[PDB]
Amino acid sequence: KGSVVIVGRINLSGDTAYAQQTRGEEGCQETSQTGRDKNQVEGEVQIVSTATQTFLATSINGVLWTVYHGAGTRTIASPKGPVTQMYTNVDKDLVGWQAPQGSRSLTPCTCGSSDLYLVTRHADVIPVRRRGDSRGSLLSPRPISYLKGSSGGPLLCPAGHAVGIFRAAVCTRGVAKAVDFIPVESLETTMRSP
């Protein structure tokens, strides 16, 4: 037990992304135990933590999504107390918590662009060439440590719409050359499933 806690956020707003920390380790541990977090949710991407891992969560279609390998079946701390997951799919590595009515959320990409942008937990905005529904190649190889903690973050198109959620890196001898992600169409199938 213990809730996932929002510890920071990434603001995309104007041409350059920036990360903002909102909670330190002590406040995080306290918040995880109660599940009560009075902070209002802002920004396009949330930086979230459990007692052992930090990763990202992204709101799309009014649901805050993240990876199961980070969140497990945990609740998320909120102003109204711990929020139980609305969606849980171990096979897709996907978790979603319903966000409050009218909260800011990304909309799906329908433009078919293959020019994607991955937002990391350090607010780096990396170009990615789409290769299939759930894969994209990096334009520069990166050490795997550069992407650690970015699972749950968004892949965006040039119009700033959501293409998917970052899940895993294609890693060979510590070098990431491509990314594996959960496409927004798959999040929508999860939302439409009873």
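Position 1 is the first residue in the sequence shown; the rest follow in order.
Taking the PDB entry as given, 8-16 carries the higher mean Cα B factor of the two stretches 8-16 and 176-184.
Here the stretch with the larger average CA B-factor, out of 158-166 and 33-41, is 33-41.
Between the residues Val119, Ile76, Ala99, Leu116, it is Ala99 that shows the highest Cα B-factor in the PDB record. The residue among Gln85, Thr107, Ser103, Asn89 whose C-alpha atom has the highest B-factor in the PDB entry is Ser103. When the modelled residues of the chain are ordered by C-alpha B-factor, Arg142 sits in the middle third. Per the deposited record, the Cα B-factor of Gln53 falls in the highest third when ranked against the other modelled residues of its chain. Sort the modelled residues of the chain by CA B factor and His69 lands in the lowest third. When the modelled residues of the chain are ordered by C-alpha B-factor, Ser193 sits in the highest third.
For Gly132, the recorded CA B-factor ranks within the highest third of the chain. Only modelled residues enter the ranking.
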